[PDB]
């Protein structure tokens, strides 16, 4: 196993830089480990040790405990809102001071790690939402891949009627909500203030709740969508590009990947950007930080980017990745990699507020579950979310 090879590499190493992550397994965990094994081989007495912390929520809980225990790793994965939280504690090294070169990092991704003009993270494993679909089922009913929200609803209705069950599958969560909210003209910040209960928020949540009532949308309440496949007819889902390998292994049908339905055919829908940046903690030693500098330079290299992104369906974060022949060979044999990069052009983020992790799961996510699972009124559910978010922010 690659994590055994790493335990061994670090055992002989003069300096070990720990990297805490939230990859539980599959292609992402494996791709991270393969990258680390290759880096660790180039060094003499200098190594990275990846340490799985569970999922992403677990990782930020454990990073907060590590601050309270006074023992943080050298590097960790972080969302933009976690970077914001760690900056309140002044806990992050500025990346460009470390000596990492950022020319050629995608500005979509670089702007998101820049706080008061200073970059505090290295875009690493950046996902974009895509439309997964059942190529077999759309072909059986002569339904084209939908390019607009209108067409998507119409297709889900037609196919659900035909197959006797709801064919648009979704988790009732903030990530799914974001797709429909952004594409109905929603924004979360109104003159600097967080608003969860805007008319576009009510519209988005009402669209999903109506799709359940109308028999075209299927709430997935236990596991990833890709873990529920094979139970009833499936046409479509909106999911992160990093689910690609999970969908591929699970699907008994011919899986497709398309750009997201938008307001019009003039442009694909916006997708939510997910996945994480790597940060470097101030508490690391000069020697651990030097390992981080070389590790981050390696992760931004065209070949590392090419291998990582083709092994997983993460978006390659540099312009040079798309010029690498290994990326080019993968793309030539599989049109889904270009589809994911094309979608990555039409990209929105959630707010970069320190409290956003709590808000998205415990407040916004709960309001969406209330509406979807318990037929709560959408406006009443989001009005309660607004008050709980304002109270949290005021505390």
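Positions refer to the first chain, counted from 1.
Here 72 to 80 and 279 to 287 are compared by their mean Cα B-factor, and 279 to 287 comes out higher. Relative to one another, 211 to 219 and 190 to 198 have unequal mean CA B-factors, and 190 to 198 is the one with the higher figure. Listed residues 365, 54, 335, 351 were ranked by CA B-factor as deposited; 54 comes out on top.
When all modelled residues of the chain are sorted by CA temperature factor, residue 112 is found within the middle third.
Annotation for residue 98: C-alpha temperature factor in the highest third relative to the rest of the modelled chain, per the entry.
Among the modelled residues of its chain, residue 67 has a C-alpha B-factor that falls in the highest third according to the deposited record.
Per the deposited record, the Cα B-factor of residue 248 falls in the middle third when ranked against the other modelled residues of its chain. In this PDB entry, residue 157 carries a Cα temperature factor that places it within the middle third of its chain's modelled residues.
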